[PDB]
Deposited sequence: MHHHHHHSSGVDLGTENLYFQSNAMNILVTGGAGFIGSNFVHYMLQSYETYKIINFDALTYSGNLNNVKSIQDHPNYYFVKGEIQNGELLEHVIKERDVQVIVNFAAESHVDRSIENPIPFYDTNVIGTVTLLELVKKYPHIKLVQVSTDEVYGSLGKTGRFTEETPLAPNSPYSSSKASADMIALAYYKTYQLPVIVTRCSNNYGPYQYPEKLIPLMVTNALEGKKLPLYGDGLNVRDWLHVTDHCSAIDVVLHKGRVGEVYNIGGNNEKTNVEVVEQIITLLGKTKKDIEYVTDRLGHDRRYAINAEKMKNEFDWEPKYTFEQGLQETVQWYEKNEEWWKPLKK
């Protein structure tokens, strides 16, 4: 029944989302629109590349002509914007978003889900959790670029009533995450017999959300989410980086002697309260961290062909 444009769909979360939608909705058309930057990888999507309902488009979200063309042609009804970079950093994160908003402004029947991050709220103290009313206070170029796109997106809603929704999630983990990222780094280093580094003092705290739970959250927001709102999405947990490493160590029968301390800045604590998702759609994460972590570790053990070339 629906046609969905997934920008950044060759990336980590994006690819996972593309798979999730195709498996969950046998009649939806999924258009993966991706610029294939360093973090974009077509291998993430090679299993469904010949699926009759999948379409790939190589391009930048800043390319309005191409976007219009794809939109008219595929009769697009929803746009989920995962496309982002981690100077043309702002071009993609801010200006790319603006380009999408202008398209929606011209085709106001098209719903836009701007996928954002909890880093937008800055760091928490020892206690407390972010809510959708927590004020924005980004500390990095990346998080500031992300917050900027959010505020701009919501201003388009308040100014022209465009069907725009913003989601803010905690740290994702799962299959297809590049090996530079914490969990894969720890796992793949362990598999390669290397030291497991901990930046800082290892006590930074994060809320770990399994990628597919993020995908199911977006699926809900996309379908039943109220236009103009923000929705925090989290894994209902909170872990120090060192706890995460210790769990990975145990899962691979390694010892703590493999850990090593290094220096770096990074925010001290992130933790998301997702009661709004819960109250409004009765949504909760399906995975516990213990369960997610284990499957993820296995995935990396079983997929050296995928991560070796990226390391």
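Engineer: Could you list, start to end, the deposited-sequence stretches with no C-alpha atoms?
Structural biologist: Since the structure holds only modelled residues, the stretches it omits are 1-23, 110-118, 297-298, 346.
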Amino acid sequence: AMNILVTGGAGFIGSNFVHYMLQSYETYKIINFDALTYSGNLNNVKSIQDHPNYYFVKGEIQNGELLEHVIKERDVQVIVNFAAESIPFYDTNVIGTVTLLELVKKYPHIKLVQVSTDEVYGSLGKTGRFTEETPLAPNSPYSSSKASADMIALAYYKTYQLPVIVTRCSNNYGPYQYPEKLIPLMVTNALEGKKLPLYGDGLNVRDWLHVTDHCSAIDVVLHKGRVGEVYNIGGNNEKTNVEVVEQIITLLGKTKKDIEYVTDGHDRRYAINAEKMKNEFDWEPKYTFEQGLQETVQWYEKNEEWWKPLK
From here on, numbers count along this sequence of modelled residues.
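Engineer: Averaged over C-alpha atoms, is the B-factor higher for 254-262 or for 38-46 in this PDB entry?
Structural biologist: Mean CA B-factor is higher for 254-262.
Engineer: Out of 113-121 and 194-202, which one has CA B-factors that are higher on average in the deposited record?
Structural biologist: So the stretch with the higher mean C-alpha B-factor is 194-202.
Engineer: Select one of 277, 67, 248, 57: the residue whose C-alpha shows the highest B-factor in the crystal structure entry.
Structural biologist: Highest C-alpha B-factor among the listed residues goes to 277.
Engineer: Split into thirds by Cα B-factor across the chain's modelled residues, where does residue 16 land: lowest, middle or highest?
Structural biologist: It belongs to the lowest third of the chain when residues are ordered by C-alpha B-factor.
Engineer: State the tercile, meaning the lowest, middle or highest third, of residue 224 with respect to the CA B-factors recorded for its chain.
Structural biologist: Highest third of the chain for residue 224's C-alpha B-factor.
Engineer: Among the modelled residues of this chain, does the Cα B factor of residue 146 put it in the lowest, middle or highest third?
Structural biologist: Lowest third - that is where residue 146 ends up once the chain's C-alpha B-factors are sorted.
Engineer: Which third, lowest, middle or highest, does the CA B-factor of residue 5 fall in along this chain?
Structural biologist: Lowest third of the chain for residue 5's C-alpha B-factor.
Engineer: Comparing against every modelled residue in the chain, figure out the third that the C-alpha B-factor of residue 89 lands in (lowest, middle or highest).
Structural biologist: Top third by C-alpha B-factor.
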